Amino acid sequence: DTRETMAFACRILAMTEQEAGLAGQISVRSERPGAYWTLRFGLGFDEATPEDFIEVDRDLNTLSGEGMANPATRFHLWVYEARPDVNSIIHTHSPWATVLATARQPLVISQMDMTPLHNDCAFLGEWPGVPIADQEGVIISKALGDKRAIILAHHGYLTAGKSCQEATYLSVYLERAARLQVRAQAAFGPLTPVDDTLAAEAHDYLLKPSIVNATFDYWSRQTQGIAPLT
């Protein structure tokens, strides 16, 4: 169930052009403390199948499945420790969110579909370079705080969801919000943010598990291919 949900999540991120390459990371908190499920080393999101997700501990020992973990995902254990409510984490350097990261520009909530990130997207202004697991773990979990997402300056983004479906939903919506903002600002300059009270209400509406799960299942069907009409 978990591995199948993760495989669909990777195919959705690939379909929506996150172009994660080998810089893409995904994890789901294990029922076993101190452990997490993750895509095995050397594979991209677009090729992930349920058998490519293994269960690993703090020392990168494979507890379940066949394969070796991407050591760059070890820092996810720090986020899971700081946030008991988080059950899934995605990190990519997706094209449009990375434009915001590179220009050191926070997300400005100015449209309905940008509201799942309203008061829910942190911004790490400092780029630590090539990191260590404990260095990145400490830095990201502190900068992220209680938010669902974080733009990592000169790097990419990270989403932290209460389920793999919510982390995927946040990743897709953040990338689309970033694209919308970059295209709008190039043509028209800085955006007028929407009213905070109305944006907080749209945030909770779009983040209802029923809508998150139905949207995830829709995107999952899309990855499998739809036959044209006869």
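So that there is no doubt, residue numbering starts at 1 and follows the sequence shown.
ask   = Going by the B-factors listed in the PDB entry, is the mean over the C-alpha atoms higher for 25 to 33 or for 174 to 182?
value = Looking at the record's C-alpha B-factors, the answer is 25 to 33.
Return whichever of 90 to 98 and 135 to 143 has the greater mean Cα B factor according to the PDB record. Higher mean C-alpha B-factor in the PDB entry: 135 to 143.
Member of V130, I109, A160, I151 with the greatest C-alpha B factor (per the PDB record)
That would be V130, according to the entry.
State the tercile, meaning the lowest, middle or highest third, of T168 with respect to the CA B-factors recorded for its chain.
For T168, the deposited C-alpha B-factor lands in the lowest third.
>> Going by the CA temperature factor in the PDB record, which third of the chain does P84 belong to: lowest, middle or highest?
In response: Middle third - that is where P84 ends up once the chain's C-alpha B-factors are sorted.
Task: Chain third (lowest, middle, highest) by recorded CA B-factor, residue given as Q18 - done: Its C-alpha B-factor, which the entry lists for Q18, ranks in the highest third among residues of this chain.
Considering every modelled residue of the chain and its Cα B-factor in the PDB entry, is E126 in the lowest, middle or highest third? Its C-alpha B-factor, which the entry lists for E126, ranks in the highest third among residues of this chain.
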